[PDB]
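A quick write-up on the structure given underneath.
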Amino acid sequence: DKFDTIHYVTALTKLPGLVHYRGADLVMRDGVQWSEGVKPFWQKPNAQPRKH
RNA sequence: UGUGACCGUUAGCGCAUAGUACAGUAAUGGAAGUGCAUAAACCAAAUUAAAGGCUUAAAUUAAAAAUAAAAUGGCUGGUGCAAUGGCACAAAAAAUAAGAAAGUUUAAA
Ligand SMILES: [Mg+2]
Ligand SMILES: [Mg+2]
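The first sequence runs 115 to 166 under PDB author numbering.
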């Protein structure tokens, strides 16, 4: 009940980031760290989300 | 699901299901128990041994088979054999991480 328009918008915009891909559909780069536009992994084609 | 110079009912998980019966006010602790068959301890019964004189010369056999005490009655559940139970990891899958903070990245045709 303690929700406003901003609270609903923020929850929706952050939900996509809380859904993670399968560990079997990701390949880790060697020594790469999170940065501006760079991730420590690359995705295989048509990656699937976690089962649970 | 896969494999074993891992176990085979005092073994292997506490459990061949049981965290049950039971102990405790409580937290808690925690069993026994598969199927078949002359094993042991254990209790009753079981002592001994005698025998002294028919006159003997022409049978039998398809074939085969058929005369001899290693072990009393019990109670108990070891040993031997088997597995609808356990132990260890392996393969596959699953779970899992973010830099930022109401803002943009990672998309194979
Ligand atoms: Mg036995
Ligand atoms: Mg046992």
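Ideal Cβ positions, reconstructed from N, Cα and C, are used throughout, including at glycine.
Within the same chain, and ignoring the five residues on either side of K158 in sequence, the residues whose Cβ sits closer than 8 angstroms to its Cβ are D139, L140 and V141. When C-alpha distances from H166 are compared across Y135, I120, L129 and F117, the shortest belongs to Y135.
The distance from the Cβ of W156 to that of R143 is about 7 angstroms, consistent with a contact at the 8 angstroms cut-off. A direct Cα-Cα distance of roughly 28 angstroms separates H121 from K153.
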